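Take a look at this one chain, the form deposited in one PDB entry, written out in structure tokens.
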């Protein structure tokens, strides 16, 4: 016929995501108004739970939601090759969207597009300029030695230097910082070779990154309470003024600028991960990695509703509102930058544009079992439960096991 009901899986569940959810609901309402009979049932799920358990299990059963928050790289590759992702090339051409995205490479398998980035990301250090000034730092550190000097000065003032919430199942929050440490010590191509068999987690330059990560914790630069706080609590420690910096993705800018929760809005700056002097200088972790994918097991009315949702979500107006009102870097070209953008906003753009290149997050490049093994391992590493050497050996074992199976 007919009238259809589609499940829309999203991860915009936290109070710091109210903006993003409201924009999604606004898009949904517009789609329902122009497609009679089409109804969307929003299913909000925690980020780790959707990506690593719920959607993973649904896809193993071959029964994903019709619409779901999806990650580029390994996740998209697995579900595309299992045949559970709608190919989007023809929809994009029909909607005149074929040429409008900055980068679809993470969502592309054998030339076919299997999901659409909602936004871009970078990762970097948010920092409190007043807490820095209290400790004698007057500039954001550009180099690693400038960075450790800042950490020393902060610790000497009994200021918690680096907030980080890596407890419970939020090991990925530690991996954001690890992520960029081992690209800085080993270079961006090192993480590309793990899945290829051409580099190893045990390579000395990679191990060096994890040595430095542990040392940040041992010296008290990473919050001693890192394993006692969930991701969002680590975030809150920074934006309530209780620690001097925070390594996080640009989706976090909203939380940090939130009027009701942030005490630091007049005193926040940003700097890229500092230069160590190897193959990763002046690079930035970033890309277009996260957005919506669609089930391939659709009847014609489902396909019509899915096309209309894509039409109404991936539009310059919706992208510009996410940028101006939720600080989410556009995934589409041609989005004008809003008026009176906060200093923080100006700093993150300068950080992105002046980078010589971006490198993706490692979880775009390695299988899910490898990712979750690292998550568990860095929590151990920061808890006195694992040495840097034992971590890299553990990682290369699961890497070999993943490469052999695939």
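Residue numbers count along the first chain shown, from 1.
Keep in mind that the form deposited in another entry is missing from the display, and what follows is about it.
- The listed options are 221, 373, 286, 255, and the one placed at a hinge of the rigid-part motion between the shown form and the other one is 286.
- Relative to this form, the distance between the C-alpha atoms of residue 363 and residue 80 is increased by at least 3 angstroms in that other deposited form.
- Relative to this form, residue 361 and residue 334 approach one another in that other deposited form, with their C-alpha atoms ending up at least 3 Å closer.
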